[PDB]
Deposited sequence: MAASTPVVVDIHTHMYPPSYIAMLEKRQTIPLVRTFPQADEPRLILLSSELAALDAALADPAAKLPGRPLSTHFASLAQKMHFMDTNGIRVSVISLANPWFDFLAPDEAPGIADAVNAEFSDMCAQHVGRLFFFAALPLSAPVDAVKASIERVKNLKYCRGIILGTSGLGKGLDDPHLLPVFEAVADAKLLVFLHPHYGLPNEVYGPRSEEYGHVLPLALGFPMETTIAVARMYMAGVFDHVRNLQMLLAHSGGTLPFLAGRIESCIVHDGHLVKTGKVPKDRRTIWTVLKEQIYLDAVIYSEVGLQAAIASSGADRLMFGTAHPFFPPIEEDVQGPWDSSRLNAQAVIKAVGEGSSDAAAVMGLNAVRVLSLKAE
């Protein structure tokens, strides 16, 4: 049985060294009272960083294990968790924070690193590239041309900020067109979350649960809905999009979105809701793929009902949710839960199981050579 993981990240050592030299988010710090460094990515982690410098105050961020930067460690995880092929991607926030002039050069270097990592285990590793979206659109297009010509590259991973004004930014259209024409799957992934005040004044007490469990998928939903409302999928008809975490909440809210559209007085009266309009259901079946990183047959079944079994792809979200604090060199419960969600949704040994667990990814992303 062929298992493929399309949701699995790394930070190359050069990228981590960069983060260690940074003053502002994202950054890496190393505290004396802990072994491995602290990865600090979110604005929700800022106060804990401030607080951690008594040493009895909790360590900020999350630990930067060897599973972030070691390729042997990625392969070990794959071998121990029964994964044949990984389509690896740079973790959030990618190159979003880089200065415009430096961004393309660093992106092309780091993208080439990922290609080289894939060459170490040919057949078992492909990758999503990231883009220098702080740079001019000219440079973004140039970087897109490069990753198209890098071996083992099968798509682009990107966040919700776009050029800095979201994914409904009309300046971003030529970027979507270039990627779509290059036959590169766009993997949309969260990072920026929601403004932290929505979590209220006790959010610190709940650890990372609210920003990660709610903020991330809600961010993804908002970004895709904006793309949809802006007509991006109509503009770029051959654009294909993989959505992280089974679309965030999109499968569950697709109906409410459709109802709110057709019952929007202003939009209907101003010709924004025409008779031949492609519904979000249609887009979900034609231009959107969903990963199966949803941790439940309940969510997964909604995702399957929305996009179809042939458009769902298994993922683990490695290395972000290691087991606490047991054998990290053993199987990961966070990976197992998603495999269990699939099995319970469609039945183990079913062709839908085989499709979701790897064959969809093999087919859609041409995972050969």
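For this chain, the deposited residues without C-alpha positions form the stretches 1 to 5, 59, 376, given in sequence order.
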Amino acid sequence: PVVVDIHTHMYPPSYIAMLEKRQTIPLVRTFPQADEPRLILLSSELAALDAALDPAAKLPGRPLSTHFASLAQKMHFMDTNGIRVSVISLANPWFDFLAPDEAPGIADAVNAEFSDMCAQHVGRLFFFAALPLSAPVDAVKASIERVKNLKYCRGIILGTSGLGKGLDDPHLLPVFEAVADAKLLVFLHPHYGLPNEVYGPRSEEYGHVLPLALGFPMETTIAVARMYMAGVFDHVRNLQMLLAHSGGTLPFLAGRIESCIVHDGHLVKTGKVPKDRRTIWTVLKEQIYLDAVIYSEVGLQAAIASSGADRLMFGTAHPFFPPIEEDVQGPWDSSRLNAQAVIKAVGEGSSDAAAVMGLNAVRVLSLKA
From here on, numbers count along this sequence of modelled residues.
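Of the two stretches examined, 132 to 140 and 211 to 219, the record assigns the greater average C-alpha temperature factor to 132 to 140. The mean Cα B-factor in the deposited entry runs higher for 202 to 210 than for the other of 202 to 210 and 249 to 257.
Set against one another, the Cα B-factors of 74, 266, 183, 191 in the record reach their highest point at 183. Residue 363: CA B factor in the middle third of modelled residues in this chain (values from the PDB entry).
Remark: residue 148 belongs to the highest third of its chain, ranked by C-alpha B-factor as recorded. In this PDB entry, the Cα temperature factor of residue 66 sits in the top third of its chain's modelled residues, the highest group. In the deposited entry, the Cα temperature factor of residue 277 places it in the middle third of its chain's modelled residues. Annotation for residue 306: CA B-factor lies in the middle third of the chain's modelled residues.
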